[PDB]
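Asker: Sequence first, structure after; it's an experimental one.
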Amino acid sequence: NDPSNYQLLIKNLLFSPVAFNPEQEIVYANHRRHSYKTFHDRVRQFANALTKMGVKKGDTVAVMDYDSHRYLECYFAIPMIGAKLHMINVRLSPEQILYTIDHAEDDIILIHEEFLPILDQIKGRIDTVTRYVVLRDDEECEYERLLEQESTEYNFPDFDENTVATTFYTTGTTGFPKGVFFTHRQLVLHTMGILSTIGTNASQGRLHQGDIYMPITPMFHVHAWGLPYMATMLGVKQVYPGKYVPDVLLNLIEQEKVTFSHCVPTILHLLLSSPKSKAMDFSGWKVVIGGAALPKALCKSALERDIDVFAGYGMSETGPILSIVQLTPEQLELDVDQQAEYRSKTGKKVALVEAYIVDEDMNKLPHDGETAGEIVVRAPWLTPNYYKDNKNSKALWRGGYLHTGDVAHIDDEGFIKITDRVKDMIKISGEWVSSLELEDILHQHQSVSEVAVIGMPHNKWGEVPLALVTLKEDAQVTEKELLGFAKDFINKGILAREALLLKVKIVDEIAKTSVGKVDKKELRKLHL
Amino acid sequence: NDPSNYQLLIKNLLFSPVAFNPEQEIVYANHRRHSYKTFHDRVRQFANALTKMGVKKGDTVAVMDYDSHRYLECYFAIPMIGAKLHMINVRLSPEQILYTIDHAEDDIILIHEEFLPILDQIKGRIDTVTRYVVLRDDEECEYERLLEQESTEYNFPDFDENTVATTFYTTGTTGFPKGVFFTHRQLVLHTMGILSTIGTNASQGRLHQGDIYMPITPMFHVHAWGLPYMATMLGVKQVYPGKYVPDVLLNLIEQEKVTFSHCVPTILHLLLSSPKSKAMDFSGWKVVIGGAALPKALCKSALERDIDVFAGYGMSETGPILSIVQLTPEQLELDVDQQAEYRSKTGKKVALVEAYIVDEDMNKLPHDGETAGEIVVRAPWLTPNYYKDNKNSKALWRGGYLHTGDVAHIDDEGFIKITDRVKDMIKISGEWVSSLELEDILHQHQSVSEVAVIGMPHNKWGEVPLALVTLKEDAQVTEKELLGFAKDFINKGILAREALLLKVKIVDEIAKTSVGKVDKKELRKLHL
Amino acid sequence: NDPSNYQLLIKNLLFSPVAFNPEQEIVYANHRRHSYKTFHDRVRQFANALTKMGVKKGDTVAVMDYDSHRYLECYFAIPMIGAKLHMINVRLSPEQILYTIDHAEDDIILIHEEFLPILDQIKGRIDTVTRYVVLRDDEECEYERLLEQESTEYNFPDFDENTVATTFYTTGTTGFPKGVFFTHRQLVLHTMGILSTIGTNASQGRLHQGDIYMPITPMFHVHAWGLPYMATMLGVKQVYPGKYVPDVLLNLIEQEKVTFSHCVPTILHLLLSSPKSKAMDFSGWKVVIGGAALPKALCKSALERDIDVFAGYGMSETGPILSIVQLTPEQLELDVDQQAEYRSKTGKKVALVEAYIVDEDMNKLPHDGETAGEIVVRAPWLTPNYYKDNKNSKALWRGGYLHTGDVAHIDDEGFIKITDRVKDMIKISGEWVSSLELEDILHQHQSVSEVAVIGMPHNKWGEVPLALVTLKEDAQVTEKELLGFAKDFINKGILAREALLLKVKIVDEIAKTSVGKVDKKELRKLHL
Ligand SMILES: CCCCCCCC/C=C\CCCCCCCC(=O)O
Ligand SMILES: CCCCCCCC/C=C\CCCCCCCC(=O)O
Ligand SMILES: CCCCCCCC/C=C\CCCCCCCC(=O)O
């Protein structure tokens, strides 16, 4: 190694941070508190313990627990040693978890006690794993016992910045989960690009060195949006809640004085509706809602409590952060409604992101605010391919750009608004129509609980619209009324307003995926 | 090139910035104003004009003018084409300028009209340069004429991120100027590391997207501390003053509402003493004084006008930025005096900087706040060596660290305070004493104008102190009185307070370098 | 390519065979007959059809049907083009079939009509396959239609002999099926090594150029033991039965005068028990029983009909053929019983096979006829590793030898007799005992239908024996009687004859794998 040749490694985020206070605190909710000095000591102890277990440079260590100090220590100790960190989506079915464990070829597994029953259905079909480390919360944690017998001194190696650091296996539509991976250089660049793009905001949505961080994202998904790295680089106080409960998170916010966090719309809705929330001070909090498509009504309800709500976009192949809503001081003067419409957009692209919209032939459509197409991006922190995949990898990076899979339009100003998914487009004859805009119109009815819209083939206009609706409790309206409910609107293309092809049907129960996302593929299977 | 393999290039700072407003302004003081859209068009036009002139990838283009929009366009167009940008220190002697021109082997030269007389002494000894482009301010600029006949469309090439981008030839003690160079990757990393480290400040010293930038640094020195790149990445309004005049800078500050700038202590003293400054509002301005050793009295005088003054450290081999003073909100409550003492320090190291202090054997002395040693650093933006140099390059990177040449001590908190230079240490017997702390003590006298302290060899205690002083107008005190003036103090090592070895001498005139820095090498030559 | 440098390719088996008669016949049972000239023409036509479909050198084509002329044409046309041939085990569960299809990344799929329902559960989760070719038997086959429109001329390419030719995904104990692959060189060497080792037999078990071949092995398992290649190299008449039915195979044997075949003990038992078999002439037939552990009583019953029965050993990682029973003329004089005992052995190793037996430390135990150990082999036709596997691949080739997984002893003469599996050994205290020898002893009882023996942990003697038995119809004997039934025998180690640790249990139904092999892993799960 040439000392004059600098490698961008994860250890430089921890030992060469923006700020470091040895008496700043790390809090595991109502369980444990220590300082940054103790946190560094524990990272070195964990490196020693891993080295004793026989974890070499190329090895893979799989982690399975909640949000805690242990996960934060794994986010650092494992990559610095040179090993790979495999975050396991504990919400997948045990068959898919077994598939990802086999595909990644883990050597050690750190599994929380509460997830032991899952392992009891899978353990007989695992070959690569040689050690199971059972994580507990009170006193009998094997992780704590392993730490306790190791020294707080360790000389972290210097290797190439292109060595892989993390993998986490997103599940999309392929049939088997696809493994995405990142390197030390990519994570370091992601932390500094996002800190530079949104830490430099004028006044509204900025993360600074006086914030108190607390994740409300599962932290095995996408590195928790890269936020633990950014928060530890800034040397801010961090609070970890463990298992998400709406009324324990509210207590943590009130008592630890959390100012910055991030979640998905469902958790935000659960928090704002909780009985204790009504008697709480929220006007210091800056939640980031980047899970999926922040609704405007939820944004309006969160704005009336004086919460800095804004949306972001990421994809789990992309770092994930690609775009963030940032409001100019001219826009910070509008009323709630216009602000709600601005804050719920996909947002403008962050530093070092290209973000074009193309058609099926990669033609780079104009940014006029109306024309829709699929977003293709280039960024310093994208996965080159899928792990152990060839054809899907080629379909991902087709034409020299990473294909996101979302259909959106971009304003002249730069604001992006995702309209639909590429696979959910209705190919009626010779035009493309979003199926998302139809679902919410049916959702506006007083006797519908959930709407899923798919497309059935039809000889002359190709695949046409078809709506599957589940009615509410003690509500019974025939499909004829529902057909006329949507016909009341105007301003649609093709035949008048697209009326005679709806063919709405009433469904007792709608198939959902393991996580809870509506499964529009098997819906096509059982309806076709 | 692999599209999935991202290269960190300068064109990504311009076309993938943090923010971009096409109607944001670039102002050349009282001469010209255009917008960011026009600025991008002019960058493409300049790329076209350079391509027509025959500037290939490896070529070098030398620039010689003041701070203007033209220099900002050269900071971008030349590196993107692939060529090298050579900034010429217009304050060196024409012999040294000729040496640097010959050493760099420039092909084109862009020289301002006012610097033409300098060229008239040098032009007969230049072989490599084939074109001279004369820059003017009113209407007959050849740069403007070259731009006017070129199209605003250009496809900038994609090359390796390790291609050299800039060189500027620092002059130290070697005898000939030494050429330092940086690459695209290093400049991109410098812009994002500094933006992340000081844009994320809580409240005090932060550069954000609502600032108005105006350099007061020569902009050929060290890339103007990297600040034009950071300011154009943030998409802020920029004001360029041209030739520094104290009362034109004040008018620019008042009228364009500048909030962020950077200079050296002499310019700040000249501004604060100007008659028009007294009737001006300064409480929105955040000058950064990182030239050399911000005095505490100047800091105190600037703090009473409510100016956010803070210091930084750089070296012209180092990017340059290495450390910045950043105050915690606990420290933003002290009175002026304690704040003056905090703001005039060298400061804490920025993100991704290592910054140890070692002895002559590279032993990494402790950080106790008292022990002094030479600072050695590792950072992503340091020159690997000197251009076309071998032995000096080896002396620079000795022991795997870049040697700065400054002697400082570091607190436990992290604050650095530079005490002296390595070459100016007095090697009295077996201990090292700073010669800087003695000079200011003599400066406190009422009849001394300037003090320079060097060291004469002496058999038993080695090199010993020796002070050369120039008296004021109509002041005549013999060296005996001056010897007793310093003896009044206490708390020094060695023989009592170091009294019998001063041997102060009175000098009519003190030799100064070309820029204006006291020349302690020839002072030794004429006194030894 | 150097013409003087010979590459061992599969096309040389077809175009440079031992013998070639253009009027020799290929028979698809009661469906089709053509000659070897037509067969060569059809191979060239299929090469043309595959080239039109866009199958390049690296592509994979997956085949799913019965034993037919189409499978024989796929055994040649696909490898010669350079593509990979993926044989799909149609007897696995559709989940495992989907896993193997995804893992192999097939481009085309040739699937028989009868296997279409299986595809109906899997098709929605397949991404790589772009064409489905439906095979039928009467007139509407898409394979026949694709052939009919292509020319019978094709120039087969010359490539490296180390290019992969076939893959078929064995399923063992890992939890997911493991993919094994072979090259052109390995298949050519396998065909010539086996032809040289058993074609040169003195009189008994020899395949010569006057035989009539007919497979009774699924032909997707292990290349049908490499026998179609050997039979087409010799240019003999070949009969393909399609779907195995006991009374259609007997008709084929009687009418086409088949002399050489190969099956597994179950099919041989089904044939010898069929009502039509009793009135048939069998004294020209040379079935090879190499499926799993030819029983001695079945061998004795097949010997009384004057059938040349002998056993072979293979493993699906090994070519497969490793050993064959070959009788010297001295041994061809013993009565049925001694001949039955000789013919049911694993046999002596074939040409170019090493075949040691080692212990757990790879110590190469002696060949005394009593000492047992695991067989480790070296041969020219073994898979280097598992496809896309690292740790299992290392466990397979541990110590420089391929580990078979079987425990056997070898006589001084050279005869091998497999006693058990490595994973099924009972680790009673400090000795290893085969669990297979116990099962047949219990099977000798008049009121037991099937016995499975596993091992339960026990503190002082480690894992101990445990027998699970299912009783016959209208038979009810308690476990106490069964315990005494086995105690009647003698000559066993450890405690007397291993009596007090049996702990036999009665089970209503025993878990079986997908193919029909007893699942001793889940039996441990539900009993432990
Ligand atoms: C101050 C900067 C810190 C905040 C950065 C913004 C947080 C990122 C929010 C938007 C990106 C959304 C990422 C999640 C999408 C992937 C889906 C998932 O893994 O759950
Ligand atoms: C918001 C960040 C922008 C401000 C960054 C701080 C500016 C840098 C000031 C301290 C570094 C001093 C660099 C000059 C030292 C080299 C000497 C020279 O070339 O003149
Ligand atoms: C004249 C030589 C032709 C006969 C060669 C002998 C045939 C091979 C018989 C013994 C090998 C058994 C191979 C099957 C074991 C693998 C299991 C399977 O795939 O079904």
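Answerer: Received the coordinates, thanks. Numbering: from 1, shown residues only, chains lettered A, B, ... in the order given. Ligands and ions are numbered 1, 2, ... in the order given.
Asker: mind listing what residue A:299 touches?
Answerer: A:289, A:309, A:340, A:343-344 (C-beta atoms under 8 Å, 6 or more residues apart in numbering or on different chains). The way it works is simple: take the backbone N, C-alpha and C, and place the C-beta from them, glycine included.
Asker: before we move on, what about residue A:213?
Answerer: A:227-228, A:231, A:236-239, A:258, A:260-261.
Asker: between the residues you listed, which is closest to chain C?
Answerer: Chain C lies nearest to residue A:228 out of the contacts of residue A:213, by C-beta to the nearest C-beta, at 30.3 Å.
Asker: can you tell me the helix or strand for the closest one?
Answerer: helix A:227-234 (DSSP states H and E).
Asker: Run through the neighbouring helices and strands of that helix.
Answerer: helix A:11-15, helix A:69-81, helix A:184-198, strand A:212-215, strand A:237-240 (3 or more C-beta pairs under 8 Å, 6 or more residues apart in numbering or on different chains; DSSP states H and E).
Asker: Are any of the contacts of residue A:213 buried, and if so which?
Answerer: Neighbour counting with 16 or more other C-beta atoms under 10 Å in any protein chain shown marks A:227-228, A:231, A:236-239, A:258, A:260-261 as buried within the contacts of residue A:213.
Asker: Same list, the residues you listed, but only the ones touching ligand 1.
Answerer: residue A:227 (C-beta under 6 Å from any ligand atom).
Asker: close to ligand 1, is stretch A:91-100?
Answerer: No - applying C-beta under 6 Å from any ligand atom, one finds stretch A:91-100 out of contact with ligand 1, separated by at least 10.6 Å.
Asker: How about residues contacting that stretch?
Answerer: Contacts of stretch A:91-100 (C-beta under 8 Å, 6+ apart): A:86, A:88-90, A:118, A:121-122, A:125-126, A:169, A:171, A:176-177, A:179, A:218, A:514-515, C:175-176.
Asker: among the helices and strands packed on helix A:227-234, which is the most enclosed?
Answerer: Of all these, helix A:184-198 carries the top mean neighbour count, a mean of 25, counting by mean count of other C-beta atoms under 10 Å in any protein chain shown.
Asker: hmm, which of the contacts of stretch A:91-100 are the buried ones?
Answerer: For the contacts of stretch A:91-100, buried by 16+ other C-beta under 10 Å: A:86, A:88-90, A:118, A:122, A:125-126, A:169, A:171, A:176-177, A:179, A:218, C:175-176.
Asker: Which of those residues sits closest to ligand 3?
Answerer: For the buried ones among the contacts of stretch A:91-100, the residue nearest ligand 3 by C-beta to the nearest ligand atom is residue C:176; the value is 18.1 Å.
Asker: who's in contact with the closest one?
Answerer: Residue C:176 makes contact with A:99, A:102, A:125, C:96, C:99, according to C-beta under 8 Å, 6+ apart.
Asker: same thing but at 6 Å, please
Answerer: residue A:102 (C-beta atoms under 6 Å, 6 or more residues apart in numbering or on different chains).
Asker: How about the secondary structure of it?
Answerer: The three-state assignment at residue C:176 reads coil, by DSSP: H, G, I helix; E, B strand; the rest coil.
Asker: do residue A:294 as well
Answerer: coil.
Asker: what do you get for residue A:466?
Answerer: Residue A:466 - assigned by three-state DSSP - is strand.
Asker: any idea how far it is from residue A:424?
Answerer: 12 Å (C-beta to C-beta, to the nearest Å).
Asker: Residue A:462 too?
Answerer: Taken as C-beta to C-beta, the span from residue A:462 to residue A:424 is 15 Å.
Asker: same deal with residue A:215?
Answerer: 30 Å.
Asker: that older thread, let's see which of the buried ones among the contacts of stretch A:91-100 end up in helices.
Answerer: residue A:118 (DSSP state H).
Asker: on that earlier part again, now, the contacts of stretch A:91-100 that are in strands?
Answerer: Among the contacts of stretch A:91-100, the members found in strands (DSSP state E) are residue A:86.
Asker: Near ligand 2, which residues of chain A are found?
Answerer: Looking at ligand 2, no residue of chain A is close enough under C-beta under 6 Å from any ligand atom.
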